[PDB]
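Just the one chain here, the form deposited in one PDB entry, laid out as structure tokens.
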């Protein structure tokens, strides 16, 4: 019967009165646009610059009174991806976006559909680097919230309003996991608005939730720091007759603790406030230091006993310091370590 290319030229082109530079249903209530977001591949989240790489598909549907053929026997039509200028897709930008170039492999990576009523389907895979203002109040637990702000640019609130969907809000790629964080399935979403000096613009957003999968942090720094503290404890028992060995153990244990505390913040961005690591390393450096101090006091009692040679009293005092020291370090460390964990587990359960 009729040719498909003849019908495609009759629908969009010189036969069509619309030039596509005018918004559909002009001088009428703004046409809402439904946006479904599918995450092709989450990951590559940069912690030192507070950003993340994600490619979404951005399928958007709107209705127009134009482009209603109502003469083909099927429900929808799969259009070419070379007719993108005739559709007049709406404007959309991200307000926290870095880079975000398009994709091009053998064609434009775009989808196009059109039904009898005018409901269209237009999805585009775009790799988006987005800046997120993560709050690193506690570095190991580190509940983070990542956002994406779907915003228009040039069409006001009384001209173009975006909206979400009701059958599914944000889908995710099947069988995708992240080593750094586990993606929460809550997918809390809502929408704000913008008030600039030129008008009222719509701003639709979506909030993600990322918690740290603990394990790596413990092996990398919690386990070495612990062993280092343990080494200091053994020093008292390791050396009794000769003092030098204890001195040098305590010196280099403090130096390697400061080296590890300096090396732990290399991947971290520069921030003013104090994290949990910056409490843990400081208190373990306090313990190792304090032990060395205790040692200085023991050598002072020994030097007083040497310059005196009350001999029994001095020996007794030294022995007492030695036997009280070693008993005291585990209880003051165990109570603190357990206390720290409880004071962070209960704030984790209060946050979650």
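Numbering follows the first chain given and starts at 1. If you superpose the two forms and keep the largest set of C-alpha atoms that fall within 1.5 Å, you have the rigid core.
The same protein also exists as the form deposited in another entry; that form is not shown, yet it is the one meant from here on.
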With the two forms aligned on the rigid core, which of the residues 100, 282, 157, 251 moves its CA by 2 Å or more between this form and the one not shown?
251
Just checking, between this form and the one not shown and with the core aligned, does residue 239 shift 2 Å or more at the CA?
yes
Tell me whether residue 6 and residue 123 end up closer or farther apart in that other deposited form, going by their C-alpha atoms; the shift is 3 Å or more.
closer
